[PDB]
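Engineer: I have a structure here, written as structure tokens, and I will follow up with some questions on it.
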Amino acid sequence: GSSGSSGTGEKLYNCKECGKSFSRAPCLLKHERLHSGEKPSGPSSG
Ligand SMILES: [Zn+2]
């Protein structure tokens with residue numbers, strides 16, 4: 001019963017794919033994007 005979030009953005013950075021809590025938020029947010037399925041085969045254009 002102690003609900004109270006100080007701020008404007010009520011979001012908690014945390015990877016659910018592999019399940020790992022990084023120390024750096026910035027790096028964590030990017031880590032969540034790194035989880036793009038399996039075998040990221042880009043377009044390889046050019
Ligand atoms: Zn992860």
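If you're wondering about the labels, chains in the structure tokens are A, B, ... by order shown, residues count from 1 in each chain, ligands from 1 in order shown.
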Per residue of chain A within 9 Å of ligand 1, record the nearest atom pair and its distance in Å to one decimal, counting only C-alpha atoms and all ligand atoms, with rows in chain order and ascending residue number, as a Markdown table.
Structural biologist:
| residue | atom | partner | partner_atom_place_in_ligand_line | distance |
| --- | --- | --- | --- | --- |
| A:14 | CA | ligand 1 | 1 (Zn) | 8.3 |
| A:15 | CA | ligand 1 | 1 (Zn) | 4.9 |
| A:16 | CA | ligand 1 | 1 (Zn) | 6.7 |
| A:17 | CA | ligand 1 | 1 (Zn) | 5.5 |
| A:18 | CA | ligand 1 | 1 (Zn) | 4.4 |
| A:19 | CA | ligand 1 | 1 (Zn) | 5.8 |
| A:20 | CA | ligand 1 | 1 (Zn) | 5.6 |
| A:21 | CA | ligand 1 | 1 (Zn) | 8.2 |
| A:22 | CA | ligand 1 | 1 (Zn) | 8.9 |
| A:28 | CA | ligand 1 | 1 (Zn) | 8.2 |
| A:31 | CA | ligand 1 | 1 (Zn) | 5.9 |
| A:32 | CA | ligand 1 | 1 (Zn) | 5.7 |
| A:33 | CA | ligand 1 | 1 (Zn) | 8.6 |
| A:34 | CA | ligand 1 | 1 (Zn) | 7.5 |
| A:35 | CA | ligand 1 | 1 (Zn) | 6.4 |
Engineer: Report as a PDB file with N, CA, C and O atoms, in the first residue's frame: the residues of chain A with a DSSP assignment of alpha helix (DSSP H), based on the backbone of this structure.
Structural biologist:
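Result saved to states.pdb:
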ATOM      1  N   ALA A  25      21.395   2.079 -16.889  1.00  0.00           N
ATOM      2  CA  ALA A  25      20.095   2.182 -17.542  1.00  0.00           C
ATOM      3  C   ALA A  25      20.250   2.324 -19.052  1.00  0.00           C
ATOM      4  O   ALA A  25      19.690   1.553 -19.832  1.00  0.00           O
ATOM      5  N   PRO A  26      21.026   3.332 -19.478  1.00  0.00           N
ATOM      6  CA  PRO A  26      21.270   3.598 -20.898  1.00  0.00           C
ATOM      7  C   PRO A  26      21.655   2.337 -21.666  1.00  0.00           C
ATOM      8  O   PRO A  26      21.131   2.075 -22.750  1.00  0.00           O
ATOM      9  N   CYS A  27      22.569   1.559 -21.097  1.00  0.00           N
ATOM     10  CA  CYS A  27      23.023   0.326 -21.730  1.00  0.00           C
ATOM     11  C   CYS A  27      21.923  -0.731 -21.711  1.00  0.00           C
ATOM     12  O   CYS A  27      21.790  -1.521 -22.647  1.00  0.00           O
ATOM     13  N   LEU A  28      21.139  -0.741 -20.640  1.00  0.00           N
ATOM     14  CA  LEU A  28      20.051  -1.703 -20.497  1.00  0.00           C
ATOM     15  C   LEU A  28      18.998  -1.498 -21.583  1.00  0.00           C
ATOM     16  O   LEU A  28      18.572  -2.451 -22.237  1.00  0.00           O
ATOM     17  N   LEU A  29      18.584  -0.250 -21.771  1.00  0.00           N
ATOM     18  CA  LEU A  29      17.584   0.080 -22.779  1.00  0.00           C
ATOM     19  C   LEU A  29      18.017  -0.409 -24.158  1.00  0.00           C
ATOM     20  O   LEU A  29      17.203  -0.908 -24.936  1.00  0.00           O
ATOM     21  N   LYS A  30      19.304  -0.266 -24.453  1.00  0.00           N
ATOM     22  CA  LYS A  30      19.848  -0.696 -25.736  1.00  0.00           C
ATOM     23  C   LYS A  30      19.968  -2.216 -25.794  1.00  0.00           C
ATOM     24  O   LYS A  30      19.819  -2.819 -26.856  1.00  0.00           O
ATOM     25  N   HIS A  31      20.236  -2.827 -24.645  1.00  0.00           N
ATOM     26  CA  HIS A  31      20.373  -4.277 -24.565  1.00  0.00           C
ATOM     27  C   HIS A  31      19.062  -4.968 -24.928  1.00  0.00           C
ATOM     28  O   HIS A  31      19.061  -6.031 -25.549  1.00  0.00           O
ATOM     29  N   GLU A  32      17.949  -4.358 -24.534  1.00  0.00           N
ATOM     30  CA  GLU A  32      16.631  -4.917 -24.817  1.00  0.00           C
ATOM     31  C   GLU A  32      16.369  -4.957 -26.319  1.00  0.00           C
ATOM     32  O   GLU A  32      15.636  -5.817 -26.809  1.00  0.00           O
ATOM     33  N   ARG A  33      16.972  -4.022 -27.045  1.00  0.00           N
ATOM     34  CA  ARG A  33      16.804  -3.949 -28.492  1.00  0.00           C
ATOM     35  C   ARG A  33      17.704  -4.959 -29.196  1.00  0.00           C
ATOM     36  O   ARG A  33      17.402  -5.414 -30.301  1.00  0.00           O
ATOM     37  N   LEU A  34      18.812  -5.307 -28.550  1.00  0.00           N
ATOM     38  CA  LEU A  34      19.758  -6.264 -29.115  1.00  0.00           C
ATOM     39  C   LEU A  34      19.104  -7.629 -29.307  1.00  0.00           C
ATOM     40  O   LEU A  34      19.502  -8.402 -30.178  1.00  0.00           O
TER      41      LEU A  34
END
Engineer: State, in Å with one decimal place, the distance from CA of residue 37 in chain A to CA of residue 13 in chain A.
Structural biologist: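 CA of residue 13 in chain A lies 19.4 Å from CA of residue 37 in chain A.
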Engineer: To one decimal in Å, tell me the separation between CA of residue 23 in chain A and CA of residue 1 in chain A.
Structural biologist: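 According to the coordinates, CA of residue 23 in chain A and CA of residue 1 in chain A are separated by 27.6 Å.
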